Amino acid sequence: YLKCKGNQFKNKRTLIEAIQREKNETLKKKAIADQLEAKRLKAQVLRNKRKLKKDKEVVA
Amino acid sequence: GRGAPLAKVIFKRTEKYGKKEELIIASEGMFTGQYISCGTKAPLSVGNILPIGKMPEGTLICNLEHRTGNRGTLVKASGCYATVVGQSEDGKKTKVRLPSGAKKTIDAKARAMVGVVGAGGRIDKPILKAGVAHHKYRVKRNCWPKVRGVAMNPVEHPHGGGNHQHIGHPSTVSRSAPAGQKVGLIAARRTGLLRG
Amino acid sequence: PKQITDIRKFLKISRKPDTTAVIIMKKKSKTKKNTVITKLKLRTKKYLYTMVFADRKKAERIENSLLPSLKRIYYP
Amino acid sequence: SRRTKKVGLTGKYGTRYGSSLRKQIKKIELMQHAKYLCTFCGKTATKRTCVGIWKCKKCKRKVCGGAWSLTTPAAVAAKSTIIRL
Amino acid sequence: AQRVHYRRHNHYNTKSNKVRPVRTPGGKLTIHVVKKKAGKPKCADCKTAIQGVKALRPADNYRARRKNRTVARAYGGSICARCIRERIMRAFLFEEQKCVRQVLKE
RNA sequence: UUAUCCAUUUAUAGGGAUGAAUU
RNA sequence: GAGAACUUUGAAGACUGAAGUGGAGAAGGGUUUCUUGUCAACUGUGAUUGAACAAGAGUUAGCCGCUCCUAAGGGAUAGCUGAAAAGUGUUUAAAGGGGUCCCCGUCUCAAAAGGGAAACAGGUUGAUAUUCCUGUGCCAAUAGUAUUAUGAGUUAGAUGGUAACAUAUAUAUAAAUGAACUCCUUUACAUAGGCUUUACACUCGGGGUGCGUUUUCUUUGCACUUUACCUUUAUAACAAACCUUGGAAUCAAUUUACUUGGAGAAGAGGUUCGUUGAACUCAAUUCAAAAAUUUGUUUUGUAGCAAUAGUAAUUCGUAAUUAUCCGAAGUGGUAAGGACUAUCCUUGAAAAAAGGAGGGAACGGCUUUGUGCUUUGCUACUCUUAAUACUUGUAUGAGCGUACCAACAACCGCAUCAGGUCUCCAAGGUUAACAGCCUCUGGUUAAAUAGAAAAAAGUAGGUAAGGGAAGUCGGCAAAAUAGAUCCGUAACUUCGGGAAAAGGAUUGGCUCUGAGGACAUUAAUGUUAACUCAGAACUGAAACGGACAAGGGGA
RNA sequence: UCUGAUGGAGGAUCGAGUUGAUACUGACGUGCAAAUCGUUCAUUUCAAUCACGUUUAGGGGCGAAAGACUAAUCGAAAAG
Ligand SMILES: [Mg+2]
Ligand SMILES: [Mg+2]
Ligand SMILES: [Mg+2]
Ligand SMILES: [Mg+2]
Ligand SMILES: [Mg+2]
Ligand SMILES: [Mg+2]
Ligand SMILES: [Mg+2]
Ligand SMILES: [Mg+2]
Ligand SMILES: [Mg+2]
Ligand SMILES: [Mg+2]
Ligand SMILES: [Mg+2]
Ligand SMILES: [Mg+2]
Ligand SMILES: [Mg+2]
Ligand SMILES: [Mg+2]
Ligand SMILES: [Mg+2]
Ligand SMILES: [Mg+2]
Ligand SMILES: [Mg+2]
Ligand SMILES: [Mg+2]
Ligand SMILES: [Mg+2]
Ligand SMILES: [Mg+2]
Ligand SMILES: [Mg+2]
Ligand SMILES: [Mg+2]
Ligand SMILES: [Mg+2]
Ligand SMILES: [Mg+2]
Ligand SMILES: [Mg+2]
Ligand SMILES: [Mg+2]
Ligand SMILES: [Mg+2]
Ligand SMILES: [Mg+2]
Ligand SMILES: [Mg+2]
Ligand SMILES: [Mg+2]
Ligand SMILES: [Mg+2]
Ligand SMILES: [Mg+2]
Ligand SMILES: [Mg+2]
Ligand SMILES: [Mg+2]
Ligand SMILES: [Mg+2]
Ligand SMILES: [Mg+2]
Ligand SMILES: [Mg+2]
Ligand SMILES: [Zn+2]
Ligand SMILES: [Zn+2]
């Protein structure tokens, strides 16, 4: 909306192309960030289960 | 016609069931919805109306009576104020300093408003156009523009006539001159640029 | 003028002391043939009241049962 | 783009009246047409309606003030004096 | 095209002599004079338009229906609802504060 | 201070301690 | 007709060109208006004409105005001054009043453009028309008593909704108690800028009817195809404001521009005003389901007014009858409303009149001891609108204007004078254009004269070889330039300008190419517009803002 | 600080009406006219322009100032 108010698109077709390109890129960034966040979260369970595996033995 | 704003203020009748209306020159800071108090025992604050004998030294005042019960005569134009400068030993007298720089002693029971008159500082804008001055005096009185006496004929003015547009006469006249003759600088103690 | 779409109200108006005339208008429809549209109008002191009848049979019944003291006026 | 180097607001006056008078007009009218904080409601929406009357576009209170600005120093000084007492 | 003229006494274009052309069954253009608008009645406190009443010139207001000129509350069609709410709160709470202050004298 | 002059008001309590108010 | 250049009729050729010798009003005039007659003088030539002369006619209002209110102001009353004549106008009036026993507070005139109860369409005369005729409406007023009907309340004054708010449909939405006193609202208001909606106007294509052209062409060129006030008109649609729920940063919503939100935004669901005035299946009509409120369609109606009127046609007779009156869009001239933005040492009337609210005075009726307060029953009485009957002064709608001109010969200027003199309506083509030029509706073809001839001289114009201000006090007068698009613009400067500086190129017609939207079946298909802008080929006696319109530049 | 758009200020700019009157020292000068006619000029959002009503009266009024204007009369109107 603010882009169109600033005289960036002189035509309807150009606006459609621009929004499609932006949509693809903002989908790809999410699709990389979410998978990195999930994979990073997974390794928190091993790190928080080996703690109790050690502490059930030595810490008492 | 006037440069300063007016406050419309409503009091409540005390001898009877009803309401009454007043028009008062507004001091700088007043707002719609404010309660002001008028009387001999009212607290000292901006917009209250008090007798001048209950004000300490240095108080800035406006809308003053030069005689008691007068309903106000002295400090009224926009941006103007007076100063309390002395209280007498036995009461009954109060000394103030007026905007022109004169000093005066007043009855100590006369009334005034605390604060300065609003909308002050309006002679700091250049007028810059003849039409603006046409619109200024359009709502005051018929006194604009002005032809100068050196550009008339002798029948209409003491300065009129001549082959070169001069006065030819000393332009400072005396206090006793008749009505058709008191026309230049009236009873002038002094002429020229001031240097102090 | 005013319009009425309730038959009972129409017959109530006809019997009142200051109804003095009825108008009958017959007119072929603009769509087809054999379509005698009819309007019946009551002249009271204040307003004409108009009721529209699409059925020539029911309409033809209506003004038969209409009280004899009303003057009748035929426009077509 | 920037449409004017110097005269800014006084470009409506053209070439008339001389440069120094236009400078004083510019200084005065910068204050005259600005916005001021309303102390009653918190928004900055107070604008001048006449030579001494100021009004808030949101809460709709009217405050009596200066000619070209909302406060002049001389009134602020006296108010501070009274409040100190 | 067909051209028109004033039918009434006033022949000048004042605010009370406004005009609107109209086509007749006999096939001609004619003039008709237009009534002036009427301001909306306003709240006695905040000077805002009162909801639920009609805006009529006082001649048309005189012969208008009774329910078209009023609302059913403590101040009807003279003070708006926000103002009435604030008035009620002011009354009750200031009386409570005065009564609290009265007892504390001792 | 009573002649004389001025001012104010509906000639409306003798001096000191941004609700509503009438029968 | 005794007598026709300037009386009338028909046929031609032309003008006005909606900023009109077209329509309607004010000031001013006063019968100039209409019908008939008519020529002594007038109508600067004629005249049978005429605003001239003579006889008789013609102006119709509850709804158009005045009459009422107040304005800038005028005249007055008390008092005071002055020989008076006059000047001034609460300056210490025991005044003016209104309210039913009190309070408020001078009188009167001044607006035919300010304020302000109420009306429309068709027809009609030789001369008047929102005034007459026909039909349909509206506004204001309408005593007392009694009866009869319309509805409502109580067995002393009604209800619904959480809320914003809503409710009386009787022939007709007429009734929802309210005193003294008090407070508000309408009447009621400047300028500039763009955006938007709706009516009137204009235009394109279908259907019907009539007319025109027709050696050749032409599914063709023109005309008509209408719908007022009033019914709170019902209901739709829309710019706004407010209510309920909800709970906002990854800030959102949104305009051409803007604007707005924890003092409660978006989303979802509601209430009201304004605009407008049949839009929306709007109203009736069940074919069959859902109630002791639904589907395509029941099919009707220009929603009533309303076709019975108006217009265009075809008829038969010496007032007569029939058929049409209906399908889809575009352009943006004029007027009004809406929500906004901005400007001011400028902030842009009043009164008559009308409405809303606070407060709570008083009060169920009919006879029932007495002196307004003391005694017994019925738990029909209280409002409201309409009609009737009787008593009452005779229980609707006063008085004045209304013909005509408004300059072209009706006015002022000594006149039938090329002068002066206030307001509203406003078609087609070309075009930025209500300019100029040409045209349709309406108006005219008239001017104190005509025919012939055509030299000097004059007045208003048009051209000129070669030179180009040498003419003259002086480039006086006249020429040269000019629209729009694309390029390019100095000194100086108060930095805003100078500037259209100076300068250079292009412009017709015809045949094509490209760019800019909306909508519905799902990116894929389909329908469907308005006007501008940019390129290419071809073409002509090298011409093209072709007429009109339209800067000379510089030191 | 620079670039593109949006936006619509100003006693801004051309210009028809309106209000005026620069040149031809044009016509006319026994006029159409006791101030007209033609062409050419100045002005159009503001100190703008019109209409009615109203106030100011002669040695006085009114004047963005020319001794201008005050009913064809003004360096002191008109009637007796
Ligand atoms: Mg001089
Ligand atoms: Mg002298
Ligand atoms: Mg000099
Ligand atoms: Mg000397
Ligand atoms: Mg209501
Ligand atoms: Mg003649
Ligand atoms: Mg012509
Ligand atoms: Mg011509
Ligand atoms: Mg023209
Ligand atoms: Mg005649
Ligand atoms: Mg005759
Ligand atoms: Mg003659
Ligand atoms: Mg005669
Ligand atoms: Mg009459
Ligand atoms: Mg009238
Ligand atoms: Mg007055
Ligand atoms: Mg009067
Ligand atoms: Mg009027
Ligand atoms: Mg006539
Ligand atoms: Mg008439
Ligand atoms: Mg209709
Ligand atoms: Mg007439
Ligand atoms: Mg005369
Ligand atoms: Mg003559
Ligand atoms: Mg004439
Ligand atoms: Mg010649
Ligand atoms: Mg030649
Ligand atoms: Mg030559
Ligand atoms: Mg020479
Ligand atoms: Mg020589
Ligand atoms: Mg010389
Ligand atoms: Mg020349
Ligand atoms: Mg230059
Ligand atoms: Mg200008
Ligand atoms: Mg000459
Ligand atoms: Mg001339
Ligand atoms: Mg001289
Ligand atoms: Zn505020
Ligand atoms: Zn309110």
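Just so it is clear, the values below take in all heavy atoms, side chains as well, and ignore hydrogens, waters and symmetry mates. All chains are named by letter (A, B, ...) in the order of the sequence lines, taking the proteins before the strands, and each is independently numbered beginning at 1.
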Practice prompt. Apply the side-chain contact (heavy atoms from CB on, under 4.5 Å) test between C:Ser29 and each candidate in C:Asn34, C:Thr35, C:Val36; give the one that qualifies.
Written response: C:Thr35
Worksheet item: Just checking, D:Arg22 and D:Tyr13: is the charged tip under 6.0 Å from the six-membered ring centre and within 45° of the axis?
Response: no
Discussion item. Is the phosphate of G:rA228 approached by E:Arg7 (side-chain N or O, under 4.0 Å from OP1 or OP2)?
Written reply: no
Practice prompt. May I ask you to decide whether A:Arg13 forms a salt bridge with A:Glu17, counting only side-chain N to carboxylate O separations under 4.0 Å?
Written response: yes
Fill in: Base paired to G:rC242 (Watson-Crick or G-U; both N/O distances under 3.5 angstrom)
G:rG270
Discussion item. Tell me whether the side-chain N/O atoms of B:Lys125 come closer than 4.0 Å to OP1 or OP2 in G:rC345.
Written reply: yes
Worksheet entry | Base versus backbone protein contacts along nucleotides 185-197 of chain G [heavy-atom cut-off under 4.0 Å; B, S, -] | SSSS-S-------
Fill in: Anti or syn - G:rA117, cut at 90° from 0
syn
Worksheet, complete the sentence: Whether each nucleotide of nucleotides 170-176 of chain G has a protein heavy atom under 4.0 Å at its base (B), only at its sugar-phosphate (S) or at neither (-) is summarised, 5' to 3', as SBSBS--
Item to complete: Give a yes or no on whether a donor-acceptor pair under 3.5 Å exists between the nucleobase atoms of H:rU6, that is its base, and the side chain of D:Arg3.
Response: yes
Got a list of side-chain donor-acceptor pairs under 3.5 Å for residues 137-164 of chain B, not counting sequence neighbours?
unit_1, atom_1, unit_2, atom_2, d
B:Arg138, NH1, B:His135, ND1, 3.0
B:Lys146, NZ, B:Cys143, O, 3.2
B:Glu156, OE1, B:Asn153, N, 3.1
B:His157, ND1, B:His159, N, 3.1

Practice prompt. Using atom NZ of B:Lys16 as one end and atom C1' of F:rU10 as the other, report the distance to the nearest whole Å.
Written response: 8 Å
Worksheet item: Hey, does C:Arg43 reach any base, or is it just sugar-phosphate, or nothing, if we go heavy atoms under 4.0 Å?
Response: sugar-phosphate
Discussion item. Does H:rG4 have its OP1 or OP2 closer than 4.0 Å to a side-chain nitrogen or oxygen of A:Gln8?
Written reply: no
Worksheet entry | Protein-nucleotide distance (B:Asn153, atom CG; H:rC74, atom P), rounded to Å | 17 Å
Worksheet entry | Length of the CG-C1' vector between E:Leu29 and G:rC424, whole Å | 15 Å
Worksheet item: Does H:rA47 have OP1 or OP2 sitting under 4.0 Å from an N or O in the side chain of B:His135?
Response: yes
Fill in: G:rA112: north vs south, judged on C1'-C2'-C3'-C4'
south
Discussion item. Within the structure provided, determine whether C:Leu67 and C:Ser14 are in side-chain contact (heavy-atom separation under 4.5 Å).
Written reply: no
Worksheet item: In residues 21-37 of chain C, which ones come under 4.0 Å of RNA chain H, going by heavy atoms?
Response: none
Practice prompt. State the pairing partner of G:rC390; accept Watson-Crick or G-U wobble contacts with both distances under 3.5 Å, and report none otherwise.
Written response: G:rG144
Fill in: Phosphate contact (G:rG356 OP1 or OP2) by E:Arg69 side-chain N/O below 4.0 Å
yes
Worksheet item: Is there side-chain contact between E:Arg69 and E:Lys54, with at least one heavy-atom pair below 4.5 Å?
Response: no
Worksheet, complete the sentence: Closest heavy-atom pair, A:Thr14 versus A:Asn11, reported as atoms and distance to 0.1 Å, is OG1-O, 2.9 Å
Discussion item. Looking at G:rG497, I'd like to know if its phosphate oxygens (OP1 or OP2) sit under 4.0 Å from a side-chain N or O belonging to D:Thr15.
Written reply: no
Discussion item. Please confirm whether the shortest side-chain N or O distance from E:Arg3 to OP1 or OP2 of G:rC425 is below 4.0 Å.
Written reply: no
Item to complete: Have a look at B:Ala119 and say if it touches a base, only the backbone sugar-phosphate, or nothing, with a 4.0 Å heavy-atom cut-off.
Response: nothing
Worksheet, complete the sentence: Whether each nucleotide of nucleotides 237-259 of chain G has a protein heavy atom under 4.0 Å at its base (B), only at its sugar-phosphate (S) or at neither (-) is summarised, 5' to 3', as ------S----------BB-SS-
Discussion item. Does the pairing criterion hold for G:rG370 and G:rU318? That is, Watson-Crick or G-U wobble with both distances under 3.5 Å.
Written reply: no
Worksheet item: If you sort sugars by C1'-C2'-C3'-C4', with positive as north and negative as south, where does G:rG264 go?
Response: south
Worksheet item: What is the per-nucleotide protein-contact pattern of nucleotides 515-528 of chain G, from the 5' end, where B denotes a base atom under 4.0 Å from a protein heavy atom, S denotes such proximity for sugar-phosphate atoms only, and - denotes neither?
Response: -SSS----------
Discussion item. Whole angstroms only, please: what is the NZ-P distance between D:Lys23 and G:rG496?
Written reply: 15 Å
Item to complete: Answer yes or no: is there a side-chain heavy-atom contact under 4.5 Å between E:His5 and E:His11?
Response: no
Worksheet entry | Minimum side-chain heavy-atom gap E:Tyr75-E:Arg87 below 4.5 Å | yes
Worksheet, complete the sentence: Atom NZ of E:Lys35 and atom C1' of G:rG274 are separated, to the nearest Å, by 14 Å
Worksheet item: Is it true that G:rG364 and G:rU379 form a pair, Watson-Crick or G-U wobble, with both distances below 3.5 Å?
Response: yes
Discussion item. Strictly below 4.0 Å: does E:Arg23 bring a side-chain N or O up to OP1 or OP2 of G:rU227?
Written reply: yes
Discussion item. Centroid distance below 5.5 Å plus an interplanar angle below 30 degrees: do E:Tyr62 and G:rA354 meet both conditions?
Written reply: no
Worksheet item: So, is E:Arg87 near the phosphate of G:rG358, with a side-chain N or O under 4.0 Å from OP1 or OP2?
Response: no
Fill in: OP1 or OP2 of G:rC305 under 4.0 Å from side-chain N/O of C:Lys39
yes
Discussion item. Could you check whether any side-chain heavy atom of C:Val22 comes within less than 4.5 Å of a side-chain heavy atom of C:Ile73, counting everything from C-beta outward?
Written reply: no
